[PDB]
2 protein chains.
Amino acid sequence: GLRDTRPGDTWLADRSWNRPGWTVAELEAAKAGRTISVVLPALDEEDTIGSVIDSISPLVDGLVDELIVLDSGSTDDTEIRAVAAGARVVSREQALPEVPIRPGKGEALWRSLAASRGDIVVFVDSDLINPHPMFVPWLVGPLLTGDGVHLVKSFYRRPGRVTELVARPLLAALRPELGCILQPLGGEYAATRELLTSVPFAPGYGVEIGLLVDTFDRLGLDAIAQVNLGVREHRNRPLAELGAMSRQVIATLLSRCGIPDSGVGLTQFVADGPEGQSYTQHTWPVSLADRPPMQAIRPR
Amino acid sequence: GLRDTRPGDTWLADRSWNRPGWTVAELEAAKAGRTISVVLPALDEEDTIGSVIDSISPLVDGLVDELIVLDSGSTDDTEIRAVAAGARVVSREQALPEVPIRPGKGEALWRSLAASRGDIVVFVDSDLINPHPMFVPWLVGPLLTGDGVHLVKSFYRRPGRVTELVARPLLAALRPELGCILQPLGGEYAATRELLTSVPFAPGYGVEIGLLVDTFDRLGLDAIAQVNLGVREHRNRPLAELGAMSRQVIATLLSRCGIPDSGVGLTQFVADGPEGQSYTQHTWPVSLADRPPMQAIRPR
């Protein structure tokens with residue numbers, strides 16, 4: 001199983017595997033009137049976003065019915081570079097004009113449900129360094145070979161900390177059935193519109209884990225598959241922000257589990273000098289506020 | 001406050017500071033019939049333990065009434081080297097013969113309550129690299145200048161991960177009042193026997209955080225002070241063990257907070273090779289079992 005795994009192989013909930021024997025073209029034939037949207041959430045990713053689109057670009061009007069960059073307030077060259085690469089850029093405002101904006105990644109992904117049309121939505125981070133062109137095919141595979149699967153999570157070999165020390169040990173504690181999930185926080189995943197629009201979306205860095213847990217609670221482990229995406233490269237996560245990310249992952253998971261979170265942000269104490277003679281007190285925001293199921297706002 | 005802090009300064013619960021103006025000799029005079037025990041928990045620390053004792057050694061028969069190494073099953077030269085340095089070595093069995101041994105650090109510290117006699121117990125890790133001779137004086141300071149303080153936690157400048165990403169964000173979520181604690185997991189701390197023998201001891205890597213939270217719940221923030229211990233050096237924590245440590249910190253905190261922990265260990269998936277073609281599944285143990293207050297076993 002995980003003793004013999006390829007870029008392409010799917011792990012199902014019953015610990016059974018599948019090594020895909022289709023072509024991109026055969027996957028398109030399997031769609032059967034189901035449409036596919038690809039969504040790239042982007043905040044200030046001018047360096048990487050053209051490359052990411054180029055990887056997915058060839059699939060459009062074939063396997064992929066639409067390719068959207070959800071621009072989350074970029075002040076760099078993200079939009080013009082995504083357009084020149086061939087993607088349609090939708091701002092948060094454009095996606096859902098009648099609801100005021102909240103900050104964070106979860107907001108952007110939630111809004112993209114309103115901006116996209118696809119029966120299946122694939123999410124891919126725009127900060128990926130050289131994503132393999134087979135990423136979207138590999139992600140959608142298990143949805144199209146339809147066996148009750150509604151969420152496809154990815155796993156990869158690193159070519160970190162918050163996943164290994166925070167997300168996974170907390171899942172072992174609070175949702176032990178999800179202990180099989182290698183990469184609960186990863187931004188490459190696919191799901192049905194039916195699933196996506198029926199669940200609330202966690203704010204900020206909580207979005208992926210909130211979706212995982214909501215899917216498990218409502219549909220059980222069988223609705224969740226994982227695909228080996230191989231060696232996956234992304235940008236260095238600046239170490240300064242990781243405390244805030246952990247705090248938000250914690251807030252989201254506690255809230256899914258029915259445990260009251262104080263709503264009190266992490267205060268970090270940063271030594272100002274080598275002697276530890278003074279500290280800068282830095283308090284990051286945490287959000288306990290989900291967005292409601294998209295069905296409650298923009299129903300289909 | 002933390003805008004101007006020395007090796008020696010104490011932070012109290014009301015955000016007020018104290019910069020000590022005593023000598024080791026004046027601290028001894030302040031004891032007033034209170035005895036002081038120093039306890040060094042040790043599992044296989046032959047390289048560092050002589051040095052640690054040498055730092056504390058000069059205080060014995062003066063400020064320090066006894067110095068005990070609690071040997072937690074060492075198969076290297078820890079015991080002979082601690083003896084030659086001048087400490088008394090007590091095995092777990094010797095400390096408390098009538099209770100069977102459980103593994104982990106918390107067990108060793110709990111047992112040391114039975115092995116030691118001091119009204120005040122100071123705990124110092126035996127893996128410290130060149131601890132400053134003032135560590136024990138600085139730790140006991142706030143207990144002897146008696147103003148209702150029962151627990152003294154330390155903080156230091158690093159000359160990590162589990163503290164910053166796991167312990168502190170979870171405390172912000174579940175015990176926000178303890179958000180002021182810089183180093184909740186640190187092994188250098190002092191407390192009263194009255195406090196120590198009245199609380200249960202968490203197992204393994206949960207011991208320090210369990211003690212912090214128990215103290216807070218039972219006595220409030222005022223009973224807790226923190227002392228700047230300056231630049232503090234210890235051994236590199238092998239990165240492999242950190243998941244298990246986080247999982248146990250999580251288990252202990254959830255249990256203190258009244259939240260059911262599954263008792264299911266973290267399963268880590270270690271890539272066997274560069275390709276991510278197979279993973280080794282490695283499941284670390286977690287313990288939900290405290291030891292009871294020492295008063296229930298070996299009352300004074």
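Lettering of chains follows the sequences in order, A, B, ..., and the numbering in each one begins at 1.
If you tally non-hydrogen atom pairs under 4.5 Å between each of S246(A), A251(A), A244(A), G243(A) and chain B, the highest count goes to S246(A). Annotation: maximal heavy-atom pairing with chain B below 4.5 Å, among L174(A), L182(A), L242(A), occurs at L182(A). When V249(A), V162(A), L170(A), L171(A) are compared by the number of non-hydrogen pairs under 4.5 Å with chain B, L170(A) comes out ahead.
Within residues 201-216 of chain B, no residue has a heavy atom under 4.5 Å from a heavy atom of chain A. The stretch residues 256-266 of chain B places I259(B), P260(B), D261(B), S262(B), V264(B), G265(B), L266(B) near chain A, each with some heavy atom under 4.5 Å from a heavy atom of that chain.
Looking at residues two or more places apart in sequence or on another chain, you find a side-chain hydrogen bond (donor to acceptor under 3.5 Å, both in side chains) between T252(B) and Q248(B).
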- Task: Kindly determine whether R247(A) and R168(B) satisfy side chain to side chain contact (heavy atoms under 4.5 Å, CB included), including the steps that lead there.
- Result: CA-CA 9 Å; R247(A) 180 62 187 99; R168(B) 293 189 78 262; over 6 Å; no
- Item | Steps toward side chain to side chain contact (heavy atoms under 4.5 Å, CB included) verdict (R157(B), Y279(A)) | CA-CA 10 Å; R157(B) 165 86 180 108; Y279(A) 289 80; 4.1 Å; yes
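For the atom pair CD1 (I181(B)) and OG1 (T267(A)), the distance works out to 12.5 Å, reported to the nearest 0.5 Å.
Proximity to chain B (any heavy atom under 4.5 Å) is shown, for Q281(A), by neither the backbone nor the side chain. Residue contact with chain B, scored on non-hydrogen atoms closer than 4.5 Å, involves the side chain of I250(A) exclusively. For chain B, the nearby parts of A173(A) are the backbone and the side chain; heavy atoms of each come within less than 4.5 Å. Looking at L254(B), the atoms closer than 4.5 Å to chain A (heavy atoms on both sides) all sit in the side chain, from C-beta outward.
Identified under the salt bridge (charged side-chain N to carboxylate O under 4.0 Å, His left out) test for residues 175-186 of chain B, with sequence neighbours left out: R175(B)-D217(B).
Between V166(A) and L165(B) the shortest heavy-atom distance is CG2-O, 3.2 Å.
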